[PDB]
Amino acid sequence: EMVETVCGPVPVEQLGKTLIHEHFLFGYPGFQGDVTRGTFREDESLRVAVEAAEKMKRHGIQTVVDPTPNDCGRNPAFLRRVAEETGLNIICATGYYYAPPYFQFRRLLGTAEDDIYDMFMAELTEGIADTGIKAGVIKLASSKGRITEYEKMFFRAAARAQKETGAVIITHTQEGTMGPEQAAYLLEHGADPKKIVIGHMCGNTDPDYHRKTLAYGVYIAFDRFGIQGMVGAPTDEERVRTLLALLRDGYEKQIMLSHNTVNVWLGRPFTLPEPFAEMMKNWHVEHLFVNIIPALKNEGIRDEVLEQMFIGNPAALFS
């Protein structure tokens, strides 16, 4: 019936057309230390965030899931201002970026898993900090080729919180690995497959890997459209090829699409070197609508299917 947004509970039937994964603000953990030369400018950042939101609305987007982790500059009050300014629904997350010393220490104390669970529960059902704003998703990540014991604590805490709240879990997979293992581990700890999104699945170009992941009944996200040439992320050409194969296999009810944009970078400004700058030129919130979707239609993907991915799937995911 309802889902927690940065503006409070909203009927799931009102979410409409949704981008499952985009960042209004993002900083890599550590950006905090570089505050002097990387100061946050609120007015300019809000202006940029709002322009990005208006671009999305132009393409009919009504809802954005912004899963910026707790240590990556997640700012619920800022996201509420963006929502208030634009009428967009924005759903935020609780979780940590892809071990940090704070949690090495609580592991020592032996309280880490319970502390993480308590954190998830507080942010899902009480509010983040003193904002009164609640997260609607739990964000998780694992390592390349392995789900470490550290990471499993988070997975276990997430499974517990998911069982109590019915919140959605969104994961990050590293370099196209551990999709099946993520789903299996969550399910083995009681998590609901219909409330799980295995993310960055576009990082793998082997359809068998996807089918193995999809067999668990979870959602999967091709959530990095526009990102090419870095991380050894595949090309958009490769993403589309993989997507087309799955869609022609009838998997549209388990697939969602996004760009993983960072519209305002936190910390010190930078500029990408010339070779990558060009490969990364389509990495913006309009890319799916101006480039990818028309290419899909040319390959015979019907509106029905597209609507299922952008509207049907988020509705079912959050209900």
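Heads up: residue numbers just count along the shown sequence, starting at 1.
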**Message:** Please classify the coordinate gap between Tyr98 and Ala99 in terms of deposited residues: none, 1 to 3, 4 to 9, or 10 or more.
**Reply:** 4 to 9
**Request:** Quick one: say whether 209-217 or 131-139 has the higher mean Cα B-factor in the deposited entry.
**Result:** 209-217
**Message:** Going by the mean C-alpha B-factor recorded in the entry, which is higher: 69-77 or 241-249?
**Reply:** 241-249
**Request:** Kindly indicate the residue among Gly226, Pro234, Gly87, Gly199 with the greatest C-alpha B-factor in the PDB record.
**Result:** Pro234
**Message:** If I read the C-alpha B-factors straight from the PDB entry, which of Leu187, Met121, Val82, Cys92 is highest?
**Reply:** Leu187
**Request:** Sorting the chain's modelled residues by C-alpha B-factor, tell me whether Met279 ends up in the lowest, middle or highest third.
**Result:** highest
**Message:** How does the C-alpha B factor of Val262 compare with the rest of the chain: lowest, middle or highest third?
**Reply:** lowest
**Item:** Third of chain Cα B-factors occupied by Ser45
**Value:** lowest
**Request:** Could you look up the Cα B-factor of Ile301 in the entry and say which third of the chain it sits in: lowest, middle or highest?
**Result:** highest
**Request:** Pull the Cα B-factor of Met56 out of the PDB entry and bin it into the chain's lowest, middle or highest third.
**Result:** lowest
